[PDB]
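Shown next as structure tokens: one chain only, the form deposited in one PDB entry.
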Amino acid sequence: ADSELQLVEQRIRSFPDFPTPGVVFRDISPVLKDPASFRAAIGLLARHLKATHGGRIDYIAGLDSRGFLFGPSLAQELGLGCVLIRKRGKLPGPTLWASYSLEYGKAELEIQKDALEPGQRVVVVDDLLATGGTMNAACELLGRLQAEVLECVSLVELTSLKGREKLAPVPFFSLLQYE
């Protein structure tokens, strides 16, 4: 058992029935508050991506909002820029947008039309994968820009919600798996 993974796992805390009945909410806040834990999370993700893609990445894409907490740090670790995929209405200039559902509601994601040029290689990062709706919407938009999505990564994966399978055949990797 990797001690690095334990530093992350030990800092996840759970709240039942938030924000709606029957949801078991995984709170990442303690990971951010513990510098040792955050550093471990970024390092583990970066190690995976370095080994899996050999540096052949152009940009990291961070997902509004909790994905914002990991995107830039991960990109910086890898020497890469970070592109923003945001909740609809937040980004200026020409955009594309897509509707989707997540575990406990629905929303719309959006990306600036000039965020990526055709052919550019991207890895998508978010804090947690659940139903995979949010990540799938991100992949759909990056596809509209003719970007190649190499992989999607998160800190946490809720495997009972089968988000992984929803993303196929786009590869996926998480640090931690809960039901």
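In this text, rigid core is short for the largest set of C-alphas that superpose within 1.5 Å between two forms. Sequential numbering from 1, following the sequence displayed.
**Q** Quick check: 18 to 26 versus 152 to 160, which has the larger average CA B-factor in the record?
**A** Higher mean C-alpha B-factor: 18 to 26.
**Q** Once you work out the mean C-alpha B-factor for both 127 to 135 and 45 to 53 from the entry, which is higher?
**A** In the deposited entry, the stretch with the higher C-alpha B-factor mean is 45 to 53.
**Q** Which listed residue, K113, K33, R66, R39, has the largest C-alpha temperature factor in the record?
**A** Out of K113, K33, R66, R39, the record gives the largest C-alpha B-factor to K113.
**Q** Taking the entry's C-alpha B-factors for this chain, is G81 in the lowest, middle or highest third?
**A** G81: CA B-factor falls in the middle third of its chain.
**Q** Where does the C-alpha B-factor of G89 rank in its chain, lowest, middle or highest third?
**A** It falls in the middle third of the chain.
**Q** By its CA B factor, does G62 count among the lowest, middle or highest third of the modelled residues in the chain?
**A** According to the entry, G62 has a C-alpha B-factor in the chain's lowest third.
Form deposited in another entry: not shown, discussed below.
**Q** Comparing between this form and the one not shown on the rigid core: C-alpha of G89 shifted by 2 Å or more?
**A** Stays below the 2 Å threshold, so no.
**Q** Does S160 shift between this form and the one not shown by 2 angstroms or more at the C-alpha, the core having been superposed?
**A** Superposed on the core, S160 moves its C-alpha less than 2 Å between this form and the one not shown.
**Q** Does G79 count as moved between this form and the one not shown, where moved means a C-alpha shift of 2 angstroms or more after fitting the rigid core?
**A** Moves: no, less than 2 Å.
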